[PDB]
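A.B. asks: In their complex positions, the first chains:
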Amino acid sequence: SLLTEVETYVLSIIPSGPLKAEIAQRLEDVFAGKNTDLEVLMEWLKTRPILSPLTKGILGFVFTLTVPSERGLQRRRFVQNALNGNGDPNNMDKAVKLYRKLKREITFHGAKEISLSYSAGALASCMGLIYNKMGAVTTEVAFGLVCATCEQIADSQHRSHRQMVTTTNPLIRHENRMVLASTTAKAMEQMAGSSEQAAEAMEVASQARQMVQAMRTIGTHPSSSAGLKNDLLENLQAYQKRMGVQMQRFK
Amino acid sequence: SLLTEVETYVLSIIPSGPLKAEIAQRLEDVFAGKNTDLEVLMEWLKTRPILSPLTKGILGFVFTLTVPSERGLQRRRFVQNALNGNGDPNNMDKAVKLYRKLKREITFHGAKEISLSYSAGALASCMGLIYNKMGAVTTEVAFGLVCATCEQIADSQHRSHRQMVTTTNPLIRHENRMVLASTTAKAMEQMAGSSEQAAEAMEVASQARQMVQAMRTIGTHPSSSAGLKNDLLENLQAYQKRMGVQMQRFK
Amino acid sequence: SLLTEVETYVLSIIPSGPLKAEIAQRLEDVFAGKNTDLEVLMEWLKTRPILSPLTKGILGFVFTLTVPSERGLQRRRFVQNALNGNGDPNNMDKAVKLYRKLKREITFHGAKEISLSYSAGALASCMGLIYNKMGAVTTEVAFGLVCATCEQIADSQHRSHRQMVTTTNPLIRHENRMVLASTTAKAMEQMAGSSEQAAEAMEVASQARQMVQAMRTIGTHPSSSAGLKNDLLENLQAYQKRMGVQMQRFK
């Protein structure tokens, strides 16, 4: 069940969207013996616009571990660029210290357990060593290094959400609502359901998007109005809930 | 009953799937005097895509112990690559220290009992020595070395599950559910029952797979919605239980 | 604003349904100078099947207070039957004691404030005296007597809900869910929306109604199954929430 456990950590860091569905479907193919040619897979991976270079690096890295027949594959540049760890010497010293301990393990958990003791920076650098063949560790350990990195990123992915919503600055909190509404509105428009709900869903989605932009145009500063900041948010709250129920309707 | 005891440990580490059924059926043939030609067996073993190189190594290793007429067999490369223990000198020193003690035993249990006192890394390296003929120990001891390795991996296989499900990070926990549902959905589709339940089972399986991917597309981040994260998991929980009962229906 | 305050209390006791909308619309007509002929109004009131005789009595009583030109109206039998207070002598003694104090007031609040000090039984009897012309109090006081009765009933209407849901007997609690689901399912079917949602709403409503009756047929006793009582409620909970969101969709 290692292939399932790694798939949890890897897919956690990827942002939600059509790519996440496409990436996960790709992971199943290469985790189920349906391995397509690596080059066309990675070439498709490279062109993806939304993924961050670091996140794009891990997905490229994980594919290489599955495909057999080394010495005939190709080490993609963007993976090396992403995983290089900024070329820092100080953190890369920790990476070697990690890689010393990883070489002695063969169990996936043993790699993950020791890896999480080190900073998120070192794992990216150390994970570069395995990809570049500078080091060499068994496949089970290498995933244990990926999950330690993916868990570290995934932890900060969640910790950022907790800090952003509980922020005390009112200005961004208002700004958080409009962009959040726009993103939720964007979610329906891009996913056009087969049923007639797509037309209705697009309308309500376009309604919020057409209205949120007007809300930004008026603004919500205390000095930009005389109490209009209050009622402006209220319509958004209704619109957010209006879009909230709309999601499960086509479900 | 040694052949049964080793078959327990060896088959424990292999991930569940069609290969596990095929591998175990192969083990019965070579553990019951139905030994097919080793080369065609190992050649089939090499091409298997899902098995990790280390796990693939042990299965290749165990077959060699059964087949008689050394000096006329062939030492497969992938076994040596997997069992080399990353070429570390430090852990391989422990392997020799182990191999010193294994040479003096002949009992299977005696090999297993002493072997488990050493790290999982050393056993992989020491188990390489027996395969490469660098060392030489009686067959009963050698299985005692395999089971010590297989037990060590099997222990970490279970310990990883305990740590993954009890993880405190909510983001992966949600991600754990979708991939878990996809895997369970994948289980029915690949195993097409002879009865008409295959069509119905495929439909409900495709229903979850068609719906889990939509769930990923919407996402479940706290900042990607306004409470939709709650009800999105609930339908999965019903779907998981819906697929849960469906398994024993064709049983 | 007396006509609004009385309309609150009167409409509170009436159960929700198409009649409540029809009754309230009627109250507006007779509270806004659009007074239709009393006889045709009360004749329509008499034929209503769902209203309890006591609740039907108050609505008949309130209309008589608005219409002018006494001695030419008609005292309907069902109002007298409902408001007679079971012909008890003991509670009717309290009613006279109340009616002694009401005669001295002219303010609506003064009537309501003193009236609530007496049991709900007496108010029904005392409210009979005003309708039958046995007594005679100014119109503002008489509404003050109605609201005291309507408030008393409305208080027990709510207090019953609190006691029913927090009941400790598991058997009725399970039974509460099925009937509650059936009522909610019945709500959509009777109110056929003009949009196409009526067809879809009817389907999901008929789904719960078609499934709740099957749930009753199987039953949910601990001795009628071996754990099926658990999962049977779960589908209802999903169905209840499924119908819950469906309500605001046509809104």
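C.D. replies: Here it is on my side, so go on. Residues are numbered from 1 along each chain as shown, chains lettered A, B, ... in the order given.

A.B. asks: Against residue A:223, how distant is residue A:229?
C.D. replies: Using CB to CB, to the nearest Å, residue A:229 is found at 10 Å from residue A:223. Using the backbone N, CA and C atoms, a C-beta is placed for each residue, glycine as well.

A.B. asks: So those two - more neighbours on which side?
C.D. replies: Higher neighbour count among residue A:229 and residue A:223: residue A:229, with 17 against 7, using other CB atoms under 10 Å in any protein chain shown.

A.B. asks: Identify the residue of chain A closest to chain B, quick one.
C.D. replies: Proximity of chain A to chain B (CB to the nearest CB) peaks at residue A:16, 2.6 Å away.

A.B. asks: Okay, that residue and chain C: tell me how far apart.
C.D. replies: Distance of residue A:16 to chain C, given as CB to the nearest CB, to the nearest Å: 22 Å.

A.B. asks: show me the contacts for the spatially closest residue to that residue that is not a sequence neighbour.
C.D. replies: Excluding its sequence neighbours, the residue lying closest to residue A:16 (CB to CB, 6 or more residues apart in numbering or on different chains) is residue B:219, at 2.6 Å. By CB atoms under 8 Å, 6 or more residues apart in numbering or on different chains, the contact set of residue B:219 is A:15-17, A:20, A:187, B:225.

A.B. asks: just to revisit the earlier point, can you get me a residue count around the residue of chain A closest to chain B?
C.D. replies: 18.

A.B. asks: For burial, what's the neighbour tally of the residue of the stretch 51-200 of chain A found nearest chain C?
C.D. replies: Scanning the stretch 51-200 of chain A for proximity to chain C using CB to the nearest CB identifies residue A:196 as nearest, at 8.3 Å. Neighbour count for residue A:196, taken as other CB under 10 Å: 10.

A.B. asks: Could I get the phi/psi values of it?
C.D. replies: For residue A:196, the backbone dihedrals are phi -70, psi -10 (criterion: degrees, to the nearest 10).

A.B. asks: Spatially, which residue comes closest to the closest residue to chain C within the stretch 151-251 of chain A, not counting chain neighbours?
C.D. replies: Going by CB to the nearest CB, chain C is nearest to residue A:245 of the stretch 151-251 of chain A, at 4.9 Å. Once flanking residues are discounted, residue A:245 sits nearest to residue C:245: 4.9 Å by CB to CB, 6+ apart.

A.B. asks: SS state for that neighbour?
C.D. replies: Of the three states, residue C:245 takes helix under DSSP: H, G, I helix; E, B strand; the rest coil.

A.B. asks: near chain B, which residues of the stretch 51-200 of chain A?
C.D. replies: Within the stretch 51-200 of chain A, the residues that sit near chain B (CB under 8 Å from any CB of the partner chain) are A:66, A:68, A:103-110, A:112, A:136-140, A:151, A:154-155, A:157-158, A:161, A:164-165, A:176, A:180, A:183-184, A:187, A:191.

A.B. asks: Append chain D to the structure above:
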Amino acid sequence: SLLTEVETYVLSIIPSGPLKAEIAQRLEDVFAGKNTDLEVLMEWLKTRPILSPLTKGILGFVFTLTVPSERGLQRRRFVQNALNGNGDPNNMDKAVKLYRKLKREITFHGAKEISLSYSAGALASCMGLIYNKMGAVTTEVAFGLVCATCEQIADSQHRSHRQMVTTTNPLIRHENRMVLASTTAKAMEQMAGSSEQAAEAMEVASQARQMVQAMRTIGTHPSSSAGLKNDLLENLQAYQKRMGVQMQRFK
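C.D. replies: Following on from the chains above, chain D is added here:
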């Protein structure tokens, strides 16, 4: 919402089965203005074979309260026979004591709250007085008397289950399993699903019924065997769970 609250209590006491679905559907018709002729309704009620005379009495009683136009209805004999309270003088004295207090209330909850302070015997007798017109209370109170009786029966319906399953006598506990299995098996056979599962469900149901009767034929006394009592129950436990999952399959 009184009509819903009474429907909870009334339907709780009725045993599960096709009749319970039919009765509840009838209650909706007479609680929603679809009141069919009382006589044909009660005549159908009388012929029902499974309902106990007391339980059959309450359902007959509740219908009479809804239908208007007294003096032209008919007081059915079986209702009087069931509700007579065995003609005891002692408990009927309590019933009058209750009926003294009920006459002064008009609120449904007020009737229910005071009614539950009295023994279940008195309520049956007192509930007879209202039906026979010996007494006279408002409709809201009368339901408050029914629910007090229905709650009292429903409480003992549940309390019997708790005492039966936790019984220490092993002989009935074994006997409880066979009859419980037969009842569960009977549930599927009578409810023939429209899908093909009816044929399969009937087979497994007939399997348990065909096997439970054989189990009774062998018996399960300690002196009727030499350890066969153990394994005989085990197959039932599998059969019970086998039928347990089968229920939600056609759901």
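
A.B. asks: Counting by contacts, list what the host helix or strand of residue A:208 packs against.
C.D. replies: Using DSSP states H and E, residue A:208 sits in helix A:197-218. Packed against helix A:197-218 by the contact rule (3 or more CB pairs under 8 Å, 6 or more residues apart in numbering or on different chains; DSSP states H and E) you find helix A:170-190, helix A:228-250.

A.B. asks: could you dump those helices to a markdown table with distance to residue C:206?
C.D. replies: Formatted as a markdown table, the helices and strands packed on helix A:197-218 follow (distance: least, CB to CB, whole Å):
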| stretch | distance to residue C:206 |
| --- | --- |
| helix A:170-190 | 28 |
| helix A:228-250 | 18 |
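
A.B. asks: Among these, which comes closest to chain D?
C.D. replies: Using CB to the nearest CB, the nearest of those to chain D is helix A:228-250, at 20.9 Å.

A.B. asks: Tell me how far the residue in chain A that chain D sits nearest to lies from residue D:173.
C.D. replies: Distance from chain D to each residue of chain A (CB to the nearest CB) is smallest for residue A:251, at 19.6 Å. Noted for residue A:251: a distance of 46 Å to residue D:173, by CB to CB.

A.B. asks: ok and the helix or strand that contains residue A:140 relative to helix B:170-190, angle-wise?
C.D. replies: Assigned by DSSP H and E, residue A:140 falls within helix A:139-165. Here helix A:139-165 runs at an angle of 130 degrees relative to helix B:170-190 (axes from the mean of the first three to the mean of the last three CA atoms, to 10 degrees).

A.B. asks: Show me what counts as buried in helix A:139-165.
C.D. replies: Neighbour-count burial for helix A:139-165 flags A:139-155, A:157-158, A:161 (criterion: 16 or more other CB atoms under 10 Å in any protein chain shown).

A.B. asks: ok so, going back, could you verify my assumption that the residue of chain A closest to chain D touches residue B:212?
C.D. replies: No. Counting by CB atoms under 8 Å, residue A:251 stays clear of residue B:212, with 11.6 Å between them.

A.B. asks: okay, these two: which has more neighbours?
C.D. replies: Neighbour comparison, residue A:251 and residue B:212: the larger count goes to residue B:212, with 22 against 13 (by other CB under 10 Å).

A.B. asks: just checking, that one touches residue B:236?
C.D. replies: Yes. The pair residue B:212 and residue B:236 passes the contact test of CB under 8 Å, sitting 7.1 Å apart.

A.B. asks: Overlap of the contact sets of the two?
C.D. replies: In contact with both residue B:212 and residue B:236: B:178, B:181, using CB under 8 Å, 6+ apart.

A.B. asks: which other residues reach stretch A:18-30?
C.D. replies: Contacts of stretch A:18-30 with the rest of the structure, by CB under 8 Å, 6+ apart, involve A:7, A:10-11, A:14, A:34-36, A:41, A:48, A:50-51, A:59, A:62-63, A:66-67, A:190-191, B:179, B:182, B:186, B:213-214, B:216-217, B:219.

A.B. asks: No further queries at this time; thank you.
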